[PDB]
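Throughout, protein chains are lettered first and strands after them, A, B, ... in sequence-line order, and every chain is numbered starting at 1. All values below come from the heavy atoms of this structure, side chains included, with hydrogens, waters and symmetry mates left out. Both ligands and their constituent atoms are indexed starting at 1 by order of listing.
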Amino acid sequence: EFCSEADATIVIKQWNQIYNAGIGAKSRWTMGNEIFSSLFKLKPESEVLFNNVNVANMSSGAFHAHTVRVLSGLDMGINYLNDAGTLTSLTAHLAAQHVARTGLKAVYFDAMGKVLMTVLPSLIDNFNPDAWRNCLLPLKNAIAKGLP
Amino acid sequence: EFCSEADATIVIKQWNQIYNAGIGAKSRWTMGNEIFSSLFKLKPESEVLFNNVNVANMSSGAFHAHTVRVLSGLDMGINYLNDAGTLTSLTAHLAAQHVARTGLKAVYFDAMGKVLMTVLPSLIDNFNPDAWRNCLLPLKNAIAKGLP
Amino acid sequence: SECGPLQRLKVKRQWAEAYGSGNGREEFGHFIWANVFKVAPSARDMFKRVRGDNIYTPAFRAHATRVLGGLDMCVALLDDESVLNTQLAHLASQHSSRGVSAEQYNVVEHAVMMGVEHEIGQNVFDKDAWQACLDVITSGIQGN
Amino acid sequence: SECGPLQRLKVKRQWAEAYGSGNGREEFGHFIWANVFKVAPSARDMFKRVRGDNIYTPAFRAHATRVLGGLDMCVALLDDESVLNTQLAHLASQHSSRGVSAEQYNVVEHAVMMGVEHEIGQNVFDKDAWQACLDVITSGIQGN
Amino acid sequence: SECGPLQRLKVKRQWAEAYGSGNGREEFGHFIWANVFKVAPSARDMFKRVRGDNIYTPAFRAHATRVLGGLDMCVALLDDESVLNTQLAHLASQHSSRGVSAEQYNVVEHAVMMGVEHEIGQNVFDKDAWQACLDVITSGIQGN
Amino acid sequence: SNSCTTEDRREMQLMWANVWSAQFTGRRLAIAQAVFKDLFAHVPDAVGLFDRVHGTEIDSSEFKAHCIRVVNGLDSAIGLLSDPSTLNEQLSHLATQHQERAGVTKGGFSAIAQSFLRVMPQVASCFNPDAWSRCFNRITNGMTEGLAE
Amino acid sequence: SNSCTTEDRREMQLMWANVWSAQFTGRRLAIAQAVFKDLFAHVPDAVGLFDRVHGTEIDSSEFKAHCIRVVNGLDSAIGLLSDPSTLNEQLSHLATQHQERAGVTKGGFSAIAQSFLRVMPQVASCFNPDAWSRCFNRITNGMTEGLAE
Amino acid sequence: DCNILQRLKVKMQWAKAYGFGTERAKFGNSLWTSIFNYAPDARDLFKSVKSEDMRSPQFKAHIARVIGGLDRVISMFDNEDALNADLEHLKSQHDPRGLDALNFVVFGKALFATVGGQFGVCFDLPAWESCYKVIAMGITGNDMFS
Amino acid sequence: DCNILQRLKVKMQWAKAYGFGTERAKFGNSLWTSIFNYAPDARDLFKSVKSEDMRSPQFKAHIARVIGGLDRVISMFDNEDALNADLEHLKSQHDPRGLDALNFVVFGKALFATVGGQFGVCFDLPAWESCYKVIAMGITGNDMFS
Amino acid sequence: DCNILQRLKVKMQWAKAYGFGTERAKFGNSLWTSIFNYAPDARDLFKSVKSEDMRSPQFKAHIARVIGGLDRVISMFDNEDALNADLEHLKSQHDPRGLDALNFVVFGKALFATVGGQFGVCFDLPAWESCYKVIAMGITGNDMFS
Ligand code: HEM
Ligand code: HEM
Ligand code: HEM
Ligand code: HEM
Ligand code: HEM
Ligand code: HEM
Ligand code: HEM
Ligand code: HEM
Ligand code: HEM
Ligand code: HEM
Ligand SMILES: *[C@@H]1O[C@H](CO[C@@H]2O[C@@H](C)[C@@H](O)[C@@H](O)[C@@H]2O)[C@@H](O)[C@H](O)[C@H]1NC(C)=O
Ligand SMILES: *[C@@H]1O[C@H](CO[C@@H]2O[C@@H](C)[C@@H](O)[C@@H](O)[C@@H]2O)[C@@H](O)[C@H](O)[C@H]1NC(C)=O
Ligand SMILES: [Ca+2]
Ligand SMILES: [Ca+2]
Ligand SMILES: [Ca+2]
């Protein structure tokens, strides 16, 4: 399942351009804040789901750590695209974490996908929307599996 | 006899630029018509030797097939430049075919050589008139051997 | 010089070498249009809809693809006068409401020529054959 | 276009690629300044003390080193507005008694952009991000 | 700067590197003359007999060969003032009935300099040595 | 999955280059004319959509030029499979060119897809119909975004 | 055959580069002066053809400059053996430069050919006189097209 | 059969299997080794070109002419007027030799084995069988090639 | 006619072309790619083995069963009793499917293009045509393979 | 300890030893093989992620989450507010599991051996011991990590 080995290789290389162990955390949450600010403009009713991590102040340490946690999970899924067995278990775990949160709709993940497809070309050299779509959409559906 | 291996390699490579098994027949007879139109301007009394292949209409299938036959024979001689034994037998056969045609003078082949030396640089990248002269002149004399 | 049968064959082979199969087409088109707008910066305003201000965008790169595709069809038709003139008339109608000057067609001519030479080398570029046959193409696009 | 947070990250990574570690910095700076003085030959007179007449000399190559170092500090500070504006004010005072025109800052902008693209390739060069963020830098050096 | 004994030795070695043995001489001469006619398109009319309209032809390439050969003789004679001045007088008579301006000699000077630098690299090109010694050559061809 | 992968893109470009004639329209025209012949035989009312280019006269100069345009458009899309950002822009331009010509629908593109699948194995060596169709559909999906079924 | 082949062209350029001095006229002048010394000794009436360049004074500045011109001309032709299209143009220019100077004939070029054949082995390592002469004659054939015997 | 698509396909596969230079002579030798292995009696028909020694210059010259004839005929597959004129020309040359048309069947099978063996698994045998029939029919006129 | 010498030749060339390990699966995929390229309508006859996706395990299993059938029949070429018993067993499996025997002609051509493309220019097309007929006659019973 | 210079040093050496792609999973496997070799009793604590089979997708997923947690925490070494918030988050997840803090000492020694073995002789063990204490103190709150 998921995406092909050549498509995954493109996504992994392009992702590591802008995210790796050597990237400072400030760049991480700058991307994180751009992503979630864009998400709240598409689905404004989803911002309330993040009250527990102080979304009222996206410059706080609590919300900064949230976006760092989110992008680390996205980085984890990307780097395991060529390991379908492990990626299945990884996305099942992420799905259970999101299902148990009352208020999450599957269309919020659809909106997150569009945010990523919009923000990433601004950061990545020669963004490949086809390879990313082939890999990120099964990733999104696997994480959104079970949400209403 | 004929020409050196390095000169033949140049002629063969440059000839295959404009003539090979992948070139359409239309390009073949376009070159063929340019060559024979130029020949008839130099030696106008030689055009009558081609009445049997409908030279009166150089767009006919009969004359188109003639120039295709002529350029195929020229292609055959070129591709056997590094096989002096076979090229000798090939040119002896072509010579007998032309000797048995009443009206062919050796100077018609001299004029054909000048036509080729004029037309080919218009078609070939970096035409080498020295390598071509070293290889085509013994080819011409071998085919014109016996004509008055 | 004239765009005779021999020149058409030469331009066909040299174009096929420079245009290629697809890998180098992006760089090929970028080199050409960077030359166009450098020589004629006033021409960018005609390309507002395709982001003539920024030839690095996917929008302009797709326009460059269409232009080179139009050249490919003309070059491939140089040995077919009847179909060539029909296709040139189509390109003519595609530019009729845009006010392209004869000076601007010559600017693109020179850029395509520099682009082809840059791709295949000054060592083999046949300037006379390319100038004469591009004149045949552009004069037909100009309804002439 | 605007020099937003995403554009600043992109300009940072592309600059780091073009500027490099030190090996290609001489050629990088030479390409830029050969473009500057070709487009604006009247600008060489401002560089008499650093041999603007001969950009091949060690004297001018050291000036080119300082200019690219100044750009490096600004690019590295694009995500730190407070310290960036302080450093831009320092560059402002370093040019205050020299009468650099706004047209001349744009000439160096375009040369740095051509230099970066020449180093990393037209295939990836982000013209909109570079133009917007260089505008932020130069307008700050101009005391604006 | 002056074309002293040390500058003459440097120009000799750098010329020998750029001019080479013969393989790269065609590209070398093409780069130079493409620069000449781009900077001074009005100069092509003086070269009607050698197809100045098309520098890709064998006719002009042979003229470029003679020009670079003339430069080679002058450079090789830079350390022999007596024979150098005699050869410069020969080049003077070869241009006397052609009305070459001093501005045109400077255009070819800059093209030869760009051609040499393009061949050996900006990293080593000695602009001061080349400008001073080319001035010695051209001023002698101008009967000065 | 039915996605046009990077591997599939490499296969389609080989299947296409092995049959493409870079210098002469002989191959391009024969491929295109055979496809529209197949399409018209299977969709007889499709011939009327090409009245301006002499659809009823497949050998006319007007339809020969149309065939070369279509083949040029497909060549551009197949090559742009390597750069999908630019491909998306080019497919949008093709969509508007086909947009709101009454009888030009998504059903006609599904028909011409089967036309290519019957023509290509007769002219192409090592034809992979699975990989061809996944990327042909990827291309036609962008071409028919704003068309009726 | 006596044709100057591609192989012969490579050999002449090696025989020439091994002796060419790219920076100083010391070698070029010594080669040229030795050739004209040989020519004048064998053809005493040839010295009069070079009155304008002080043929009688081989060490004069006027004849030294002439020697460098001749050597420059031969260098250009030997290098242009790799591009005979341009070579043909250059040999025509040299032909007119020697054309219809009364005593400049094809016999004088045959004499200077023997002059080179005696000078070159004394200065050149691995000299191949067979391959040298086939391409030297190829060059002089173009230089003497419109000259008397 | 042998429609325009099969003619183009045959044209592409031929150009690949035929090659350039000395590979042309190697292809021709394999073709004629197969003809004489498929039907050893056919060898005696070529004593005029010294078929008793297949590396002699006389038979190599015959090989070159024959495969050169295949090349030009295949190249004219897209022009009926020129193709039929040349096929008539070949027929007038072969008719006085009183050849059993069955050996033109042998020729085709040796051609298929040689082209297919050189070109690989994507060799289109039905297209080659159909379009070779057009060639053998033009040269012989025998109803066996309909 | 497929005599004993032709049977030995076909067994030889099959073993070389068929190969070992994953070369057999690759050979099988080329054969069925050619079958469906030679006759696209024959693909619908194999819905029961999921011919819609030739990379599916169901169709790759069918490929392995077919070439395993070819391998075992070819190996039995030298024993009339065992060979005809297996051809009748294969006939009993194919007869209820009501197959057009013309598809067995298409099968033969794809087999020739695959074995010949793998084996090379010394592929014996006449011997394979004669001996494949024996196989097709045994499976279909149609006298077009007589 | 764990000053800003040690935090940057640890950040550099981690990024080198951690790598990209599948080398990330290999690093994680060596880390957890060492944890279970240093203290085989700790393996029974991870039955919920199927630690009885360390190549199962369930335990590979656990490995990925843990080293992903190390990566994000190390990346936030330069921002106290974000670092402490995430360490509090990890503490709230680990507290209900009633873990013996001694196994966090084992974890650190297995981390040092794995990073140092991958990074080479320039591994800065005092910096890693000091800065790992900051991590284990945030996750456990145990005075053993002061
Ligand atoms: C690729 C997309 C996404 C990824 C990789 C992702 C991953 C994660 C991760 C790793 C966590 C932290 C779990 C933990 O350690 O406790 C988290 C928490 C959360 N996510 Fe997602 N997520 C994604 C999309 C979304 C979207 C679209 C929403 C829309 C509402 C969402 C809502 C939440 C919420 C509410 C939390 C908990 C916040 C809290 O701690 O109070 N996520 N997500
Ligand atoms: C490189 C130069 C030439 C080549 C390779 C060549 C080769 C050939 C070939 C292959 C044929 C066909 C023989 C056959 O299949 O029956 C032919 C026929 C002929 N050639 Fe040449 N030839 C050359 C030059 C010339 C020239 C200069 C003349 C001048 C008159 C000439 C006159 C003819 C004639 C009259 C025929 C017969 C036309 C007919 O079929 O009615 N050829 N030549
Ligand atoms: C010289 C050969 C040329 C060729 C082969 C060519 C080809 C093309 C093609 C195929 C299109 C797409 C038309 C469409 O899809 O609607 C186009 C559009 C256009 N061309 Fe050209 N063209 C040429 C010359 C020029 C020149 C010299 C100019 C102006 C200096 C020009 C300006 C334009 C403009 C403004 C458009 C419309 C862009 C848009 O879609 O907004 N063309 N051209
Ligand atoms: C656009 C970004 C620019 C940057 C980052 C930059 C940076 C610098 C730096 C670091 C110095 C060294 C100052 C010192 O050490 O005293 C300098 C000097 C100078 N710059 Fe700029 N500069 C820029 C634009 C320009 C422009 C556009 C011009 C003129 C067209 C210019 C003209 C000069 C001059 C005349 C000097 C003094 C040279 C000397 O030491 O004699 N600068 N610049
Ligand atoms: C700067 C160093 C120059 C050198 C070494 C040089 C050398 C030469 C040489 C050796 C010739 C051949 C003369 C002959 O064989 O009759 C020549 C011809 C010529 N040169 Fe120059 N030249 C120089 C500058 C220029 C410039 C600056 C111009 C004009 C802008 C120029 C214009 C010409 C012309 C018109 C010819 C005659 C071309 C013909 O044969 O029709 N030269 N030059
Ligand atoms: C991959 C499939 C196709 C491609 C690449 C393609 C491409 C093109 C191109 C390049 C043009 C020329 C537009 C212009 O130059 O202005 C065109 C015209 C057109 N196409 Fe398509 N096309 C495809 C399929 C279809 C189908 C399936 C239909 C209808 C069922 C269709 C209907 C038309 C029509 C009506 C025109 C207008 C022709 C005219 O009057 O000029 N196309 N197409
Ligand atoms: C490979 C052999 C030769 C070469 C490359 C050569 C080349 C040259 C060159 C380059 C010049 C200078 C022309 C100019 O700059 O205007 C020249 C002049 C001349 N050459 Fe030759 N030459 C050769 C042999 C000969 C021979 C054998 C003779 C007489 C028997 C001869 C007679 C002359 C004369 C009379 C001049 C005129 C000198 C003057 O007054 O400037 N050359 N030659
Ligand atoms: C497509 C199939 C064939 C082609 C294209 C072909 C072509 C040719 C050609 C070009 C020549 C030389 C004509 C000349 O220049 O004099 C020739 C001669 C000849 N061919 Fe064919 N040939 C074919 C098949 C055959 C077959 C099957 C046979 C006999 C079994 C045959 C028997 C001969 C003979 C005996 C000669 C005369 C050899 C000689 O010069 O003594 N050919 N053929
Ligand atoms: C010519 C040599 C052929 C051989 C040696 C062969 C062999 C086989 C074998 C071994 C099976 C599996 C029987 C079983 O285990 O149930 C099979 C099944 C089948 N064969 Fe053939 N076959 C040949 C030709 C053909 C052709 C030409 C067709 C149709 C065009 C065909 C149609 C089928 C079908 C439909 C099945 C059923 C597959 C299934 O649903 O399991 N066969 N064949
Ligand atoms: C710096 C050291 C450590 C870090 C950064 C870390 C991080 C993590 C993370 C990210 C998770 C997954 C949370 C989730 O998404 O549900 C986790 C789970 C867990 N950790 Fe830790 N861990 C560390 C050390 C330890 C140690 C030393 C132990 C026990 C000896 C331990 C026991 C567990 C257990 C039992 C789980 C739950 C596994 C499950 O999902 O069933 N951790 N840890
Ligand atoms: C939003 O938060 C900004 C970040 O400051 C850090 O986080 C806050 C929550 C405190 O913990 C502070 O000590 C940290 O330095 C603040 O700078 C900013 O003032 C806050 N904005 C508002 C409106 O409260
Ligand atoms: C010359 O021939 C042209 C080519 O047409 C083809 O050849 C002729 C001989 C006929 O066989 C014809 O059926 C073929 O299509 C003709 O188009 C042209 O009219 C002819 N010219 C003259 C003056 O008759
Ligand atoms: Ca024009
Ligand atoms: Ca600006
Ligand atoms: Ca000067």
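For atom 2 (C) of ligand 3, the choice among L91(C), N72(F), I141(C) with the nearest heavy atom turns out to be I141(C). The residue from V67(C), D72(C), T65(C) that puts a heavy atom closest to atom 4 (C) of ligand 3 is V67(C). Of the listed options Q142(C), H95(C), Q94(C), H95(C) places a heavy atom closest to atom 8 (C) of ligand 3.
Counting only residues at least two apart or in different chains, side-chain hydrogen bond (donor to acceptor under 3.5 Å, both in side chains) contacts with residues 98-114 of chain G are absent.
Atoms of ligand 3 found under 4.0 Å from any heavy atom of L71(C) (numbered from 1 in listed order, with element): 5 (C). Every atom of ligand 3 with a heavy atom of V108(C) under 4.0 Å away is listed here by number and element: 1 (C), 27 (C). Those atoms of ligand 7 that come under 4.0 Å of a heavy atom in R52(G), given as number and element, are 39 (C), 40 (O), 41 (O). Close contacts of ligand 7 with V53(G), meaning ligand atoms under 4.0 Å from a residue heavy atom, involve 39 (C), 40 (O), 41 (O). For ligand 7, the atoms lying closer than 4.0 Å to a non-hydrogen atom of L74(G) are 5 (C). Heavy-atom contacts of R101(G) reach the following atoms of ligand 7: 35 (C), 37 (C) (cutoff under 4.0 Å). Close approach of ligand 12 to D81(H) is summarised as follows: ligand atoms under 4.0 Å from at least one heavy atom of the residue are 6 (C), 14 (C), 15 (O). Distances below 4.0 Å separate heavy atoms of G108(G) from the following atoms of ligand 7: 27 (C), 30 (C).
Proximity of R69(G) to ligand 7, defined as any heavy-atom pair under 4.0 Å, is shared by backbone and side chain alike. Contact annotation for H63(C) and ligand 3: only side-chain heavy atoms (C-beta onward) come within less than 4.0 Å of the ligand. Contacts with ligand 7 closer than 4.0 Å are made by heavy atoms of both the backbone and the side chain of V70(G). Counting heavy atoms under 4.0 Å from ligand 3, residue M46(C) touches it through both backbone and side chain. The proximity of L134(C) to ligand 3, defined as any non-hydrogen pair under 4.0 Å, does not occur for either the backbone or the side chain. The proximity of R49(C) to ligand 3, defined as any non-hydrogen pair under 4.0 Å, is limited to the side chain.
For atom 22 (N) of ligand 7, the closest non-hydrogen atom of the protein is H98(G) NE2, 2.8 Å. Among protein heavy atoms, atom 1 (C) of ligand 7 sits closest to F136(G) CZ, 3.8 Å.
Residue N57(B) has at least one N or O atom closer than 3.5 Å to an N or O atom of ligand 12.
With respect to the salt-bridge test (charged N to carboxylate O, under 4.0 angstrom), the residues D75(F) and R28(F) do not qualify. Checked for salt-bridge contact, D86(H) and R69(B) meet the test: a charged N lies under 4.0 Å from a carboxylate O.
Looking only at distances, a side-chain donor or acceptor of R8(C) sits under 3.5 Å from a matching main-chain atom of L78(C).
Counting only heavy atoms from C-beta outward, the side chains of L81(G) and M12(G) approach each other to under 4.5 Å.
The closest approach between any non-hydrogen atom of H93(F) and ligand 3 is below 4.0 Å. Residue contacts with ligand 7: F116(G) is excluded, as none of its non-hydrogen atoms falls under 4.0 Å. Ligand 3 has at least one atom lying under 4.0 Å from a heavy atom of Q97(F).
Counting only heavy atoms, the protein never gets under 4.0 Å from atom 23 (C) of ligand 12. Distances from atom 11 (C) of ligand 3 to the protein include no heavy-atom value under 4.0 Å.
In this structure, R61(C) is not positioned above the aromatic face of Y56(C) in the sense of NZ or CZ being under 6.0 Å from the six-membered ring centre and within 45° of the axis.
With respect to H64(B), the side chain to side chain contact (heavy atoms under 4.5 Å, CB included) criterion is satisfied by exactly one of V53(B), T30(B), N33(B), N57(B): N33(B).
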